[PDB]
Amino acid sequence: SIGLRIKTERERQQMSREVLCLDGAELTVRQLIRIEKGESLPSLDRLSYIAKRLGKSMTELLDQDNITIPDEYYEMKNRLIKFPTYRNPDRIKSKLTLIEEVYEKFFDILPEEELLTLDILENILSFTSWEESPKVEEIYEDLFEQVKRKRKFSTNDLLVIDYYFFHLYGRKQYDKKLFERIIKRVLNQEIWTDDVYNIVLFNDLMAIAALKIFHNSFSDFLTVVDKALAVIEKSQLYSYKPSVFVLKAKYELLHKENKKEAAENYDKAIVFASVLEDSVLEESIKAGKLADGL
């Protein structure tokens, strides 16, 4: 099978043995024939070169129990990550329904990291209030404790932080110094090319800005807005820019005491939501504008 998996993948990419072997400085076409036919067992050196040429890892090439995650999972994961509910109960119920479909179909083949992402996302979507929903410590003791000690955050680290921001929103009494540590570390994170990572990072930046507004602590507020813009500018995911205009509208109204400039930023978010044809977002921005005395 080791020679058959190499031959099958080589022919899948419409690659000849000569192109794979190049100048023969690392592997000759003669020996590639012996490897694919099974006449010789490829050493780790040549198999490492074959893997590099084929774009596959050595693990993918010889793993007997290798299971492959179907495209339907990532299609369902794309709908769970990329379509903002904006806390709409119908969009939340649909995603919670989709999460249950994903679990019953792929649990046996998904690694622990992917199941942890679906688990945290399930608690984030189904969040009701800091009182009723499970506390971050109760379910994510180890993950949140590591986040306290961790300098660089992963996707699941940012998801736990988001669930922590959901519990932190309503409480008047809270750990103020711990919240200041998380802000500086989230602002210190580097923007990847992974859209899932950047989307969750953007969510944390939106939750930080929302928490500063509830606390009326507008220090470093423009820094969060700038990083939220930087995420949008690098991923070109403009479905989230209306939420940035709402942040600037809140900043002009509550901190700069400029109502005319706050209403103009609100109008830019409404126009942005209209051209995106997201009526749920457009209706939410117009309701927030009128509730803000505008």
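Just count from 1 along the sequence shown to find any residue number.
Relative to one another, 178-186 and 131-139 have unequal mean CA B-factors, and 131-139 is the one with the higher figure. Remark: stretch with higher mean C-alpha B factor among 217-225 and 67-75 is 67-75. Out of 28, 235, 258, 243, it is 258 whose C-alpha atom has the highest B-factor in the PDB entry. Remark: of 32, 231, 51, 62, 62 shows the highest value [criterion: C-alpha B-factor in the PDB entry]. Residue 192 sits in the highest third of its chain by CA B factor, as recorded in the PDB entry. Per the PDB record, residue ranking by Cα B-factor puts residue 284 in the middle third of the chain. The entry lists a Cα temperature factor for residue 212 that places it in the lowest third of the chain's modelled residues. In this PDB entry, residue 275 carries a Cα temperature factor that places it within the highest third of its chain's modelled residues. Annotation for residue 45: CA B-factor lies in the middle third of the chain's modelled residues.
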